[PDB]
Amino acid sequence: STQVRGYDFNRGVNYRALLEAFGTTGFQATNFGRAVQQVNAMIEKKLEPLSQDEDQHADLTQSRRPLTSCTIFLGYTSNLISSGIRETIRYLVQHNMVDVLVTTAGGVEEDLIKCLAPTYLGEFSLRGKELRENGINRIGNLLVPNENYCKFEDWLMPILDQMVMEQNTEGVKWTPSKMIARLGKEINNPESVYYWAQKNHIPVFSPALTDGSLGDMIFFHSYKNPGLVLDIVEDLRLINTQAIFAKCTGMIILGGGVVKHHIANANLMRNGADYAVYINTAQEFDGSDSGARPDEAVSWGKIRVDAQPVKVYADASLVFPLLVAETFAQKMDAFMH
């Protein structure tokens, strides 16, 4: 039984101790402290060596990812890529601290586009009429110039020409994850999440990849050079076997929607994830999947009954960088060792 005590600034600004203090501060501050421990538990377990029996089992996948004592699924809604959390995510992927990525259309395309042009800060109140008249798109309190997508078009189109050909002439069978790997190879920029992703053999799943600017481009291009096909069935198999053949699994889910359900549902195939941390703003009263508490996932069997999941009700733009600072970033060496 721990007592509620907040950080005493009479000790001065000791950032490390200040963050540790959140766990005994209460409300969401405490959930954060719990989130930190749960994520570390995943990390600790992942860094465990793979005994013969577990290594054998984990090795039952075609993937080239070095089996780990714990497979970590990282999911985030598109807008989090629009935000600076893109850098926070790029880092983890860069150093192989996570094994599978799941994000919606926006979450993929905007990572690339940021390699051709930046997103600007703005305000939530800016009116859509004047904005449009100036060729500016609004994403929360962020701003994206139309030119950003034009550039995106110039860069993408030829790649799509390559993919359609490779499809018909070399018989490739495209899927979201495969295309995402390809695009990241193509972007060839170290500031790109997906560039790293493919380099480190970390699969990215996005069932509705057509729901975005990337979908726009594919749509248009499909007229001058028809044929492209994106099968979502193969990718389901792919992402499900990732959960099925894992020694342990951790889910780190930022936001809700498809990203959240797709990751957890994959973990149901192995009868529950071992660790789970949620950081979303959704509430449960609307009966949405997004807002469901981690305990609801327990009923379905997406989170083992003996697991100790945590949900932090907050905007990830604020919490995540912090979570990372106290977990993965602290084991920087181990992930390079």
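Superpose the two forms; the largest set of C-alphas matching within 1.5 Å is the rigid core. Position 1 is the first residue in the sequence shown; the rest follow in order.
Between stretches 250-258 and 72-80, the one whose Cα atoms sit farther from the displayed model in 6 other deposited structures of this protein on average is 250-258 (core-aligned, root mean square).
Compared with the other entries of this protein, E48 is consistently built, present in every one of those that build its neighbours rather than absent from a third. Of the other compared PDB entries of this protein that include residues on both sides, at least a third leave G128 without atoms.
As recorded in the PDB entry, 65-73 is the stretch of 65-73 and 32-40 with the greater mean C-alpha temperature factor. The mean C-alpha temperature factor is higher for 168-176 when 209-217 and 168-176 are set side by side. In this entry, the residue among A292, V310, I303, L47 with the greatest C-alpha B factor is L47. Per-chain ranking of the deposited C-alpha B factor places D99 in the lowest third.
In this PDB entry, the Cα temperature factor of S288 sits in the middle third of its chain's modelled residues. Among all modelled residues in this chain, the alpha-carbon of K114 has a temperature factor (C-alpha) in the lowest third. Among all modelled residues in its chain, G128 ranks in the highest third by Cα B-factor. For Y120, the recorded CA B-factor ranks within the lowest third of the chain. Only modelled residues enter the ranking.
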